[PDB]
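Novice: my complex, part one, positions kept as in the full thing:
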Amino acid sequence: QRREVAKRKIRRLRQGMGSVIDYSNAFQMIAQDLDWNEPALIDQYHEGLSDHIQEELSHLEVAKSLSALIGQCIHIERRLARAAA
């Protein structure tokens, strides 16, 4: 029952106007109910990132594990935020 809801929710999950940190927390919370393997989860996680994070990621060699990709994207966000100020 949880798995069905999770597969729907994760596909709709977006960073959108919000932060990588909140997106990543919600993503891992939902993904714990999924039986997708790590490559599929990485691709879904990337799909939901905001355009500006995806643009920054395109300049970099992207981590090939989900936890490392989350760390990479959080760092990108933190850097852009510190630059804004």
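Specialist: Received it, and whenever you're ready, just let me know what you need. Numbers count the residues shown, from 1 in each chain, chains lettered A, B, ... in the order given.
Novice: what's next to the top helix by length along chain A, contact-wise?
Specialist: Longest helix in chain A by number of residues (criterion: DSSP state H): helix A:66-84. Taking contacts as C-beta atoms under 8 Å, 6 or more residues apart in numbering, the residues outside helix A:66-84 that touch it are A:19-21, A:24, A:27-28, A:38, A:41-42, A:45-46, A:49, A:52-53, A:56-57, A:60, A:62-63. For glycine as for every other residue, the C-beta is placed from the backbone atoms N, C-alpha and C.
Novice: include chain B too:
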Amino acid sequence: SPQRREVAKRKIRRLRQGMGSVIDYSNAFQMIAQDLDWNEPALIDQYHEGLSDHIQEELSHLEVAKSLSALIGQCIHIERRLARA
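Specialist: The block that follows adds chain B to the chains above:
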């Protein structure tokens, strides 16, 4: 290779049965997926996501497929049941 994998992960997510046949959709899906490293649960869920609504609705009256081939076979039989002369 990594490049084929990147292409595959974008193409599989945009692939849709639309107004076309289950067999054409399924052959295209499996062709793309040969270059992916997603496990069978993730492929099942993506395949379902791309089906036409009229096939998806009829799936609810059937046993839940536990393999990609089983789901494809169900959809082929549903299509044959619904097809106009």
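Novice: what comes up buried for the longest helix of chain A?
Specialist: A:66, A:69, A:70, A:72, A:73, A:74, A:76, A:77 (16 or more other C-beta atoms under 10 Å in any protein chain shown).
Novice: check which helix or strand covers residue A:36.
Specialist: Using DSSP states H and E, residue A:36 sits within no helix or strand.
Novice: tally of neighbours for the residue nearest to it when sequence neighbours are not counted?
Specialist: Nearest residue to residue A:36 in three dimensions, chain neighbours excluded: residue B:42, at 4.1 Å (C-beta to C-beta, 6 or more residues apart in numbering or on different chains). If you count neighbours by other C-beta atoms under 10 Å in any protein chain shown, residue B:42 ends up with 23.
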